[PDB]
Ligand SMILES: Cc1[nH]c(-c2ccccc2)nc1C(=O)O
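This document starts with one chain, in the form deposited without this ligand, laid out as structure tokens.
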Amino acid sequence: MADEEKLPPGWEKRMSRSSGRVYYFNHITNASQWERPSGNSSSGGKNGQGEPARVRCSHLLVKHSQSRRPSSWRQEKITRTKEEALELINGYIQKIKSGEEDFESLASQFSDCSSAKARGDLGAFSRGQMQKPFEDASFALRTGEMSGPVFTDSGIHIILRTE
């Protein structure tokens, strides 16, 4: 229902008798209960809530010289410089966003991470499972959107929300 973000006439916060519990009471009708009552006026319905508890996104890991662990099935000692790093991730954004290089086949062929198994597609996860910057950017993008260069533990990652 309404977003109840106020206290109209009659409603007043009070503490329990000789106690320390705080509640809400309305003298207009002598009401008494927890949680906010109304929302100033009366009519309210500008809420939302809900949203999917999980999301399906794909990504492309491209370690660099500053990678905490420059090594994977793609290479033994990764050392992608600043330009080399973004050069890959960025270039990948162009082709993919253009529809020439499918992120799926793209990530896999360049997925420095074990994501290759799913061509970068990490699958349906829950907000708070993957890296903080990952989840945020991931959960911050729209359906079919691709994130930019994300510098995390390994290196630069590119996210692409599927659904």
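Residue indices: 1-based, along the sequence shown.
A second form of this protein, the form solved in complex with this ligand, is not displayed here; the remarks below concern that form.
For residue 130, a non-hydrogen atom is located within 4.5 Å of this ligand in the deposited complex, even though that partner is not displayed. Under a 4.5 angstroms non-hydrogen atom cutoff, this ligand in the deposited complex lacks residue 137 among its neighbouring residues.
Residues 59, 61, 63, 68, 69 are the members of 54-73 with a non-hydrogen atom no more than 4.5 angstroms from this ligand in the deposited complex.
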